[PDB]
């Protein structure tokens, strides 16, 4: 990693925290520069403006989340047992996707749907669609191996995600309440997987 690459990562990290803490209107290029330990000049040269920088924050978060999802879908491909394997995936998906800072960023992206529509388009393409596509590729391979039966693996992926997250994600987005014991998290993931296998299991 070059010094320029590291500085850019530091700037995006600082911007991500600043936007979550203050919102778009509550922060500035100058404040982000200070938080990142960068000169104002460097932040302007590399990111142009606050709107552009917010777009890079969205893309960085989408990439980070998807790297995690890729690691967990790879683990499912190494499981002998589909119910346990899917339970482990579901439990990790809930923990990753219900992360408090990630939920705060999601709210900001939605709040800016009209003002900066590109943020939500980027999240949808590079975040949401990419994690369903990764899960779909995993399910296709599992289907080819006779371990599950998903004819439309992308649809099947959206069904798993939808059963798993419809209540918790909406509860967070509407109430801010993002609370669950380890016991509740697991019971929820397992019930979603049971229903999923009722449709897509062999």
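Numbering follows the first chain given and starts at 1.
- Stretches 182-190 and 8-16 differ in mean CA B factor, with 182-190 having the higher one.
- Per the PDB record, of the two stretches 24-32 and 38-46, 24-32 carries the greater mean B-factor over its C-alpha atoms.
- Set against one another, the Cα B-factors of 108, 72, 119, 98 in the record reach their highest point at 72.
- Considering 52, 60, 175, 135 together, the PDB entry gives 175 the largest C-alpha B factor.
- In the deposited entry, the Cα temperature factor of residue 92 sits in the middle third of values across the chain's modelled residues.
- Per the deposited record, the Cα B-factor of residue 56 falls in the lowest third when ranked against the other modelled residues of its chain.
- Among all modelled residues in its chain, residue 171 ranks in the lowest third by Cα B-factor.
- Among all modelled residues in this chain, the alpha-carbon of residue 197 has a temperature factor (C-alpha) in the middle third.
- Residue-level temperature factors show residue 147 in the highest third of its chain, judged at the C-alpha atom.
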